[PDB]
Protein chains: 6
Amino acid sequence: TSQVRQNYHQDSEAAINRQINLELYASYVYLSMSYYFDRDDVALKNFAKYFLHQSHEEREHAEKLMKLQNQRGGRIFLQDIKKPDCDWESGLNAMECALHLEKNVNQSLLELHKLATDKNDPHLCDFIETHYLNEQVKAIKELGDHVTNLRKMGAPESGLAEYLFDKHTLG
Amino acid sequence: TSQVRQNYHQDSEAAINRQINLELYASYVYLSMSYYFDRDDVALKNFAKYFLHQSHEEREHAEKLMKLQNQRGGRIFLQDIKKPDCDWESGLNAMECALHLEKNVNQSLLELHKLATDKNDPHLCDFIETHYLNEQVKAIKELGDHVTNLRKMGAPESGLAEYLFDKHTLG
Amino acid sequence: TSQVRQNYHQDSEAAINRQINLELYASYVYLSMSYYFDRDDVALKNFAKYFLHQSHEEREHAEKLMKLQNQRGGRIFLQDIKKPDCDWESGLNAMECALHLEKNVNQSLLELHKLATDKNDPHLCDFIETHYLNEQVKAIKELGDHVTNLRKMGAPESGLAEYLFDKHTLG
Amino acid sequence: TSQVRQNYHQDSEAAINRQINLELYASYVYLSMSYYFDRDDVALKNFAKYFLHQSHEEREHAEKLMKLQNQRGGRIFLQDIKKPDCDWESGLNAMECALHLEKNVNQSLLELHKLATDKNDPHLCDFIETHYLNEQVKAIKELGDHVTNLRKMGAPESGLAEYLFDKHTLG
Amino acid sequence: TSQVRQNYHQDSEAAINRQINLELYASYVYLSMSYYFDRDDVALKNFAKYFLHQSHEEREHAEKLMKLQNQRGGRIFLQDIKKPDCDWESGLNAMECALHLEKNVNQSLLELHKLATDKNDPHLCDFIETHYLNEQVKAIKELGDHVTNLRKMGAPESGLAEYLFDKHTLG
Amino acid sequence: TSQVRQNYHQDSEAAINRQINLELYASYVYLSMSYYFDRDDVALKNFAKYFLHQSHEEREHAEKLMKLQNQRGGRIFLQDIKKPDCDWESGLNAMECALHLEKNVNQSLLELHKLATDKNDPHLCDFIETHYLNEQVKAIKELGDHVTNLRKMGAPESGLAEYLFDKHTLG
Ligand SMILES: [Cl-]
Ligand SMILES: [Cl-]
Ligand SMILES: [Cl-]
Ligand SMILES: [Cl-]
Ligand SMILES: [Cl-]
Ligand SMILES: [Cl-]
Ligand SMILES: [Fe+3]
Ligand SMILES: [Fe+3]
Ligand SMILES: [Fe+3]
Ligand SMILES: [Fe+3]
Ligand SMILES: [Fe+3]
Ligand SMILES: [Fe+3]
Ligand SMILES: [Fe+3]
Ligand SMILES: [Fe+3]
Ligand SMILES: [Fe+3]
Ligand SMILES: [Fe+3]
Ligand SMILES: [Fe+3]
Ligand SMILES: [Fe+3]
Ligand SMILES: [Fe+3]
Ligand SMILES: [Fe+3]
Ligand SMILES: [Mg+2]
Ligand SMILES: [Mg+2]
Ligand SMILES: [Mg+2]
Ligand SMILES: [Mg+2]
Ligand SMILES: [Mg+2]
Ligand SMILES: [Mg+2]
Ligand SMILES: [Mg+2]
Ligand SMILES: [Mg+2]
Ligand SMILES: [Mg+2]
Ligand SMILES: [Mg+2]
Ligand SMILES: [Mg+2]
Ligand SMILES: [Mg+2]
Ligand SMILES: [Mg+2]
Ligand SMILES: [Mg+2]
């Protein structure tokens, strides 16, 4: 029992542990997407850099939830990080799968907030709002914008489209 | 139907469209107040600059709600911007009408927040808190302070009062 | 009756009030065009910035006519700002509608100048020439140039065209 | 009755007055703790500076709640500041009493937030979250860390422990 | 019994403890005066800053007497800080009450010096002369100067007077 | 079949995929060790920073083997990252477990080199020598040095030992 713990429910402590695992899974998916574009048979350098930066951001999102667990007096509990569920076939197909991943992560964060509201934990509500909810909203909007451009340009059939998008939008 | 929309109720999307129209109406009122003080028969230069800056701020408040509608996957819907409801007769009477306008805009924002709370939209609650609620509180306090000074100085009878307030408080 | 008024006809004072309303209407149309390109299903960032800058310019054109009314001893009279008359369907269709708007605003300014010539108001003629007539001529030429490029590139069918125009001409 | 007051309940106005008194009491306790370490029979200079800085922070927390009362149109109501409830016997015993004080102040702030939630005051909820709740969480964690180090080093029996902690952790 | 104590009488040690309490009471009175001028129904910003600076100075006067108690080998003994004895009704009435407070604090310091002279404590006499007696003389003179200006200007009836004093003398 | 592949055996391509998984496992172990020292009941800040830096280094070791797979024309194949096998009980016990981990990673790299020598792959031998073998030798030596210091200082019984090591060697 922690000398610092106060107003922190056991169900919130477990939900934070489940959230950490998800953030580490998203980092793994973005790492797989990055090295697919570094292959000699795909070769889109800016797509690779974009997905590698997204992988590093998800690892920072996980480390800050681990900081929070200890700040409130909970105890961290880790599980296996699952292999990504997948072949990426093109620049367009990868951005669409990244859009569905960020919407999944956003649904979990909204569920975590409902729980923290039921347990009357206002410090935890503000933590989630401050550091996670507008970041997901901005990230999902950006991926939607990217998917729209690739399609209007002629992807996935026009191989010229993904090459020029690589230079102008990601470059 | 929007590929980015998530946890965003149709009633919240309509209430945001109504909010935009109000912000544009406040910009119009402040523009009318500014050019009344630029008249040769009134001639208070610092009152004119103060009200013109307030007009530009309300236009920025409107553009950021239009940014938000698109971020969440809603669709903007515009209506006519009504002519201001009015003659401004003095520096004091104009500050009192500006105080009643900012309290009207604050009542609408509080209603928008109650709705967003009923629909369990925590990203929208935090958006309103972060960018709108303490700004209205600071603005209403400032106008109250200004009205109190003009009255204690002898306005609207002392024409010396509004001249000296123009130089010391707004100058 | 104004201690500063001289050689300033009542018909010129009313025509200036009508001109102000038009400038504010053009600002509203350009604001609607800007946020259409910020939508997740269109996503042309440079088209959005171009139309937002045009909206701010029309608001400056209106504020300077309000300055002029007071300089000559007239009195400002405001009316409702009408909702824009419209769906924008593409980058090309929006530039064509902007070209027709700037030609409408130019026809009103030419009518205002004919009136000021009939009333032998040479200060008002020079004001319109100095600050409004070559600006409309330059603006209409620019929009004509933009429309010509989009068509020759394959718009509105080639979705690649509007993407590349966004980067090279507006970027 | 205040020309600026809006959506601000009498029960919230009284609870804010009670909160101010508590913040001033915490400043007084930290001032007593500081000068105990400045005594010739204790002589821990860095312990004295640490507790004096904590006293100044609590006085800033009180002044900002007094600013808030006036911002919302309430009226400040002051009571006597009670003498601290105490002999501090060592560096360890003082950090443990500071940990219990910061947890008491946090329980009052959580009660104030529940009240503001019942009265549907969202500006007051965000004020408390922004400026008070993560500060208490960070402060309680820091004191827990300090207590743990002193005990593991051999306090309160090892007089070497508190001397070396003074130089390395607070120095 | 203190290894450092020398030529320091028990009656001087108790009189220093009583002096500390008074300095903390003066800080509390100046804090109440400051936030009265921050109210929306008074609104004199420079009066508020002046009284807040005076509150911080009285807290420094108290901390230096606590430093002195320990320097000479005495032991600090704290009592409750009483609520201020009061409604401030105007800028003039507040300066007059501040003038009577600083004369009360000066009478206590003169009594403390008589005692230190009877006990032949020359280090304590010089301490009081160096750090306290000319400061009270300068402070009382300044308040007398301020009261004289407000009255000659027409206070408390002329509300213009306190506004202009706020800008010129305190601004 | 890869247009760039040359002198690169299928058994080497699989052994590189197994090596990647191990590097990611070591990053996970070092991340768990870091947040154990950030707990309020342990509180060794420099131990936490040391283990977090080691976690980031192992992730860089993995990304460079993924770069190498693609450089030679192989294809990356990912597996689940296993949860760490463990309670860390003290600073000493954690350094000893880190020493055994780095010796395990070194045994795998030596096996990978024997295989690359059997298949006469000299580019792969030099890659492993250049970027991995002296790094493990330096890392194992450093951990041995750390374990020796903690024991000679009195760990795990002397809680003073791990505190002072935290400040002098890691600080
Ligand atoms: Cl708890
Ligand atoms: Cl939805
Ligand atoms: Cl005329
Ligand atoms: Cl109210
Ligand atoms: Cl003595
Ligand atoms: Cl081969
Ligand atoms: Fe991201
Ligand atoms: Fe994330
Ligand atoms: Fe404003
Ligand atoms: Fe607004
Ligand atoms: Fe233009
Ligand atoms: Fe124009
Ligand atoms: Fe603190
Ligand atoms: Fe506090
Ligand atoms: Fe918030
Ligand atoms: Fe003073
Ligand atoms: Fe004093
Ligand atoms: Fe002297
Ligand atoms: Fe390492
Ligand atoms: Fe490694
Ligand atoms: Mg599996
Ligand atoms: Mg935010
Ligand atoms: Mg009407
Ligand atoms: Mg909330
Ligand atoms: Mg804020
Ligand atoms: Mg209509
Ligand atoms: Mg010209
Ligand atoms: Mg008592
Ligand atoms: Mg915060
Ligand atoms: Mg009493
Ligand atoms: Mg003498
Ligand atoms: Mg002197
Ligand atoms: Mg297992
Ligand atoms: Mg080498």
Side-chain angles (χ1 to χ4, degrees), chain B residues 23-59 80-98 100-101 156 162 166 170, chain C residues 1-29 31 55-82 105 108-109 111-113 115-116 119 121 123-128 130-132 135:
Chain B
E23 308 282 349
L24 294 160
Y25 174 72
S27 172
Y28 206 13
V29 174
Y30 274 133
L31 176 71
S32 172
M33 282 181 197
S34 169
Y35 285 91
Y36 168 82
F37 290 100
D38 174 65
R39 288 160 48 151
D40 84 277
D41 63 352
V42 187
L44 290 164
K45 261 164 160 69
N46 296 307
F47 272 88
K49 295 175 211 185
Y50 176 81
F51 291 134
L52 197 62
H53 176 75
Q54 302 276 106
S55 173
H56 300 146
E57 281 181 344
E58 302 286 352
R59 161 90 177 233
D80 301 340
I81 314 157
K82 296 278 208 232
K83 98 192 225 78
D85 252 339
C86 188
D87 186 54
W88 316 114
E89 0 174 39
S90 63
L92 165 66
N93 185 68
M95 288 282 178
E96 295 181 330
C97 287
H100 185 236
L101 172 68
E162 324 212 313
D166 173 276
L170 305 182
Chain C
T1 179
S2 186
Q3 76 188 324
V4 309
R5 187 174 191 140
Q6 180 174 35
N7 195 35
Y8 193 54
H9 201 280
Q10 310 251 300
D11 297 348
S12 302
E13 166 180 19
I16 299 271
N17 279 324
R18 297 183 328 246
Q19 202 68 53
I20 298 161
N21 223 230
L22 185 62
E23 308 282 349
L24 294 160
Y25 174 72
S27 172
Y28 206 13
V29 174
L31 176 71
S55 173
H56 300 146
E57 281 181 344
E58 302 286 352
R59 161 90 177 233
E60 289 168 296
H61 299 158
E63 286 177 6
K64 167 175 301 159
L65 288 151
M66 300 176 73
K67 189 64 166 172
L68 170 97
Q69 190 69 282
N70 283 344
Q71 290 186 305
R72 297 288 311 269
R75 295 289 173 252
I76 287 162
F77 173 75
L78 295 169
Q79 304 225 270
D80 301 340
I81 314 157
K82 296 278 208 232
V105 172
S108 181
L109 285 162
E111 285 170 11
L112 221 196
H113 192 285
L115 173 62
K119 302 302 198 199
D121 190 337
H123 170 269
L124 183 56
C125 287
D126 165 83
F127 174 91
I128 294 174
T130 301
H131 301 284
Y132 294 90
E135 219 288 292

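The chains referred to below are lettered A, B, ... by the order of the sequence lines, with proteins before strands, and numbering in each begins at 1. We use all heavy atoms of the structure for the numbers below, so side chains are in, but hydrogens, waters and symmetry mates are not.
With a 6.0 Å radius and a threshold of 12 heavy atoms from other residues, nucleotides or ligands, B/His53 has its NE2 atom at or below the threshold. Sparse packing is recorded around NE2 of B/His100, with 12 or fewer heavy atoms of other residues, nucleotides or ligands lying under 6.0 Å away.
Ion pairing between a basic and an acidic side chain is recognised when a charged N comes within 4.0 Å of a carboxylate O; C/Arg5 and C/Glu13 show such pairing. Looking at B/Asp166 and B/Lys45, no side-chain N of the basic residue comes within less than 4.0 Å of a carboxylate O on the acidic one, giving no salt bridge. A salt bridge is absent between C/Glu63 and C/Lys67: the closest approach of a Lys/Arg side-chain nitrogen to an acidic carboxylate oxygen does not fall below 4.0 angstrom.
Judged by distance alone, the side chain of C/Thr130 and the main-chain N or O of C/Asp126 form a donor-acceptor pair under 3.5 Å. At least one donor-acceptor pair closer than 3.5 Å links the side chain of B/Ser27 to the backbone N or O of B/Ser55.
Remark: B/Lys83 is positioned above the aromatic ring of C/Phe77, its terminal NZ or CZ atom under 6.0 angstrom from the ring centre and at most 45 degrees off the axis.
In terms of heavy-atom proximity, B/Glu162 sits nearest to B/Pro156 at OE2-CA, 4.4 Å. Residues C/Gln69 and C/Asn17 approach most closely at NE2-OD1, 3.2 Å, considering heavy atoms. Taking each heavy atom of C/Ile128 and C/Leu109 in turn, the nearest pair found is CG2-O, 4.4 Å. Minimum heavy-atom separation, B/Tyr30 to B/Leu101: CE1-CD2, 4.1 Å. Heavy-atom minimum distance, B/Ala94 versus B/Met33: O-CE, 3.8 Å. Of all heavy-atom pairs between C/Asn70 and B/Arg39, the closest is OD1-CG, 3.4 Å.
Of the inter-residue distances, the one linking B/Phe47 atom CZ with B/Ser90 atom OG reads 8.5 Å to the nearest 0.5 angstrom. Considering CG of B/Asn93 and SG of B/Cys86, their distance stands at 7.5 Å, rounded to 0.5 Å. For the atom pair OH of C/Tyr8 and CG of C/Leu68, the computed distance is 5.5 Å after rounding to the nearest 0.5 Å. Atoms CE and CG, on C/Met66 and C/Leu24 in that order, are 7.5 Å from each other to the nearest 0.5 Å. The structure places CD1 of C/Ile16 at 9.0 Å from CG of C/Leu115, a figure rounded to the nearest 0.5 Å. For the atom pair CZ of C/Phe127 and CD of C/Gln71, the computed distance is 7.5 Å after rounding to the nearest 0.5 Å.
No side-chain donor-acceptor contact under 3.5 Å links C/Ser2 and B/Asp41. Checking C/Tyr132 against C/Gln19 by side-chain atom types alone, no donor-acceptor pair falls below 3.5 Å.
The closest side-chain heavy-atom distance from C/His61 to C/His131 is not below 4.5 Å. Side-chain contact between C/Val105 and C/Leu22 is present, with at least one heavy-atom pair separated by less than 4.5 Å. Annotation: side chain of B/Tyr25 is in contact with side chain of B/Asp85 (closest heavy-atom distance under 4.5 Å). Between B/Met95 and B/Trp88, the closest side-chain pair of non-hydrogen atoms is not below 4.5 Å.
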### Task
Test B/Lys82 against C/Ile81 for side chain to side chain contact (heavy atoms under 4.5 Å, CB included), laying out the working first.
CA-CA 6 Å; B/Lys82 296 278 208 232; C/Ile81 314 157; over 6 Å; no
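Partner of C/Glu23 under the side chain to side chain contact (heavy atoms under 4.5 Å, CB included) criterion, out of C/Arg59, C/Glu57, C/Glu58: C/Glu58 alone. Exactly one residue among B/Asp38, B/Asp87, B/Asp40 makes a salt bridge (charged side-chain N to carboxylate O under 4.0 Å, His left out) with C/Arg75. That residue is B/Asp40.
For B/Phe51 and B/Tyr35, the ring centers sit 6.0 Å or farther from each other.
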